[PDB]
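One structure is given here, and the rest of the page talks about it.
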Amino acid sequence: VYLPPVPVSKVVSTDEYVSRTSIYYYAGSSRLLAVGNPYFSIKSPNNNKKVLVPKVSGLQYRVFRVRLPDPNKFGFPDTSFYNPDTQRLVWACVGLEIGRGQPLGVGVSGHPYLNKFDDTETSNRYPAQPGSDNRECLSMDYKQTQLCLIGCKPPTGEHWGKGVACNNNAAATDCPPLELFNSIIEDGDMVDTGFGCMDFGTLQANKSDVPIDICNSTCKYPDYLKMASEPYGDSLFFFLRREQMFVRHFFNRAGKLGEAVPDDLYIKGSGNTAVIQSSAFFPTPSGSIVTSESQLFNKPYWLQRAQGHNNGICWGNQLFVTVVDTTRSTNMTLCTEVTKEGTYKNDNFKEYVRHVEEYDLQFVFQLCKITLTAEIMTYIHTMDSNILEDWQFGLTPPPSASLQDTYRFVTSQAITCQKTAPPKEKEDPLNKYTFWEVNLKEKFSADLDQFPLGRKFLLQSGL
Amino acid sequence: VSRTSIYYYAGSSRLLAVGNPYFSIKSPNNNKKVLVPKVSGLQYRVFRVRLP
Amino acid sequence: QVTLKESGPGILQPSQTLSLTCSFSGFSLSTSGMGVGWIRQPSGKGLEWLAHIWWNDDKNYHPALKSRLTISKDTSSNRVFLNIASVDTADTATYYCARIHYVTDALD
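Chains as they are written, first to last, in the entry's author numbering: chain A, 11 to 473; chain B, 28 to 79; chain H, 1 to 108.
What follows is the structure, given as structure tokens:
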């Protein structure tokens, strides 16, 4: 004999209470400017905290965090469609357009002291070559990728890294155990390029296994599965991805191979074949052709059904657009002279390398009202508390009282000290991180056909 | 077989699986147990799920 | 095939260093499959495990002591050496050095 185990209060789809109107609005940013060094930041020598020239390349994530003006602070000419005593107003997204205007062409990087031992494609004879230091200069193309994310919560990532060891055991080899983590994706941090989603800063002592841009960083990677499985669904509205790579060359490492390959698999040789070379091999991704029809931008994106339960409604008046491109990541060179003379010499010039990058944000929104009633206000309150606060209509006693007295003291800390805990709301949890911010509080409009999107929006909507 | 109008969901947890791509690093002195097993992308993933 | 002999100082004083040397012939310790321990016994009491060191240079000790007991091998001469510092009156015993398996998981 058994039983239906436990009734649990479920989450519900957001189209149950959110009501839509026939009022639309436009927003649009200006052209964004970004320029810097493709390899590393330029730090000031005297004070080593302020930057001189920042590091930016193609393979850094460009997370965007726009701001939205609160719709309740709008004096409308005809306030008859809603009551501000019983309702409130909040925005929802319906459109998306990301523009890039740089010409195509992939960027490249490298590393001057890369741990190449020998080429392992057609000829590696015996015996071993002499030397204690055999690092070489190599330059290397990257794999290509295209993606896009939108949502109300900033996107949550995941990466490998050094974690906890185990108990003192003499049977487990000196190998750092690998552990999964969950992180919030910052700006500037990198994407995988076929070398695993692990931190290279705390796992590679030699710093000679990747190109120079990704030795001391965490090449994070976006999670789909954990993010799709969030019950509230306020992180992923709508997303695409497209990537490709293939092998170009083959290489081996160099050094004391940490595990001897077992004798059960091979017959050992002699003469010139007494010693054994390495087994630590690694490829190089290069990337392939990039068409104009393999692009995922300069295209409208109409949304009518998100995969999560949030149907585009954005609490807190903020969005989160993250984009990764490599197709316009080309690298220009600069050549300035020191002296002018009529004969070429290799020390009269100086070289700097740079990289440019620009973006375009283009949006259309819809106005939505919430008829706040007693059975509904409890439903948001178990989801969040900040949205109920900044609407400025009420406050909450968090219990209905406690059940234990808990024995509060009164004589102020002179006999048996405890955790005093001076509190602070800290006004957001997101303030520790750093995003490319772009304001839009003076960039709304109601007349559509003076902008490219609303001209296209009127055709697909049939209005 | 006849059909009904009731549906049910099953959701597994995620599956951590890590190791050496080339061989099993067996425990020494045993050749039966293992320090870290052989697992690579080249092998089959034979799943057997049991049902209530 | 496997031959085994030990060699030690024999007579020690309190708070001195103990250098018990173990010697083997018949195998190599860097081979995947060979492994050695170190076991004591008094004349009247029973037996107890002290230290055991494996192929890949990691060490375990008896956690009651955990400080003085430092085991180390020399795979080039194919020998193990036992290094106890500050030998006290409780260490009056007869030590036994030998080779272990893990398919038998015991001392052969």
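Even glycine gets a Cβ: it sits at the ideal position worked out from N, Cα and C.
Using a Cβ distance threshold of 8 Å, A:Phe307 and A:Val73 do not count as a contacting pair.
Contacts with chain H (Cβ-Cβ distance below 8 Å) from the segment 320–342 of chain A involve no residue at all.
The beta-carbon distance between A:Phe127 and A:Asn262, rounded to whole angstroms, is 5 Å. This is short enough to meet the 8 Å contact definition.
Check the Cα spacing between A:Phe403 and each of A:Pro409, A:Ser410 and A:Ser395: the tightest is with A:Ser395.
A:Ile108 is bridged by DSSP to A:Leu371. Straight-line spacing of the CA atoms in A:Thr426 and A:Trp401 works out to 42 Å.
In the pairwise beta carbon analysis, the segment 67–82 of chain H is classified as touching the segment 5–24 of chain H: at least three pairs are separated by under 8 Å.
Per DSSP, A:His391 is one residue of the alpha helix (DSSP H) stretching across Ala384 to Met393.
Shown here for A:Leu43: same chain residues with a beta carbon closer than 7 Å to its own, the five before and five after excluded, namely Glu368 in chain order.
Nearest to A:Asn320 by alpha-carbon distance, out of A:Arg338, A:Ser245 and A:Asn82, is A:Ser245.
8 Å or more divides the Cβ of A:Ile386 from the Cβ of A:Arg98. Looking at the backbone, the Cα of A:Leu157 and that of A:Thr337 are separated by about 12 Å.
Here A:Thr381 carries a strand assignment [DSSP, helix/strand/coil].
Spanning the alpha carbons of A:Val66 and A:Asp223 requires a straight line of approximately 10 Å.
Taking 8 Å as the threshold, the shortest C-beta distance from H:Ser76 to chain B does not fall below it.
Under the Cβ criterion of 8 Å, B:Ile33 is not counted among the residues facing chain A. At least one CB atom of chain B sits nearer than 8 Å to the CB of A:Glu269. The Cβ of H:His62 sits no closer than 8 Å to any Cβ of chain B. In the assembly as shown, H:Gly26 is an exposed residue. Its beta-carbon has fewer than 16 other beta-carbons within 10 Å. Taking 8 Å as the cut-off, the Cβ atoms of A:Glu196 and A:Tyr35 do not count as close. Ranking B:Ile33, B:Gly38 and B:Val28 by CA distance to the CA of B:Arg77 puts B:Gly38 first. Going by DSSP, A:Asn396 is part of the alpha helix (DSSP H) stretching over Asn396 to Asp400. Residues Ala37 of the same chain have their beta carbon placed closer than 6 Å to that of A:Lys453, with the five preceding and five following residues left out of the count.
A:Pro164 and A:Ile194 have their C-alpha atoms spaced approximately 7 Å apart. Listed by position along chain H, the residues whose Cβ is nearer than 8 Å to that of A:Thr183 are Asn56 and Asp58. Nearest neighbour of H:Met34 by Cα position, chosen from B:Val63, B:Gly68, B:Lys53 and B:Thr31, turns out to be B:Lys53. In this structure, the alpha-carbon of A:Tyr389 lies about 24 Å from that of A:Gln314. Not a single C-beta of chain B is nearer than 8 Å to the C-beta of H:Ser72.
As summarised for the segment 399–458 of chain A, the continuous beta strand (DSSP E) elements at least 3 residues long and confined to that stretch are 446–448, given in chain order.
Assignment of A:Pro462 by DSSP, reduced to helix, strand and coil, places it in the helix class.
Burial state of A:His391 is exposed, judged by a 10 Å Cβ sphere holding fewer than 16 other Cβ atoms. If you draw a 10 Å sphere on the C-beta of A:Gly115, you find fewer than 16 other C-beta atoms in it, and that means exposed. Below the 7 Å Cβ cutoff, chain B contributes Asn56 as neighbours of H:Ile100, in chain order. For A:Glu399 and A:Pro462, the gap between their C-alpha atoms comes out near 37 Å. Exposed is the label assigned to A:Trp312, since fewer than 16 other Cβ atoms lie within 10 Å of its Cβ. If you draw a straight line from the Cα of A:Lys217 to the Cα of A:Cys103, it is about 44 Å long.
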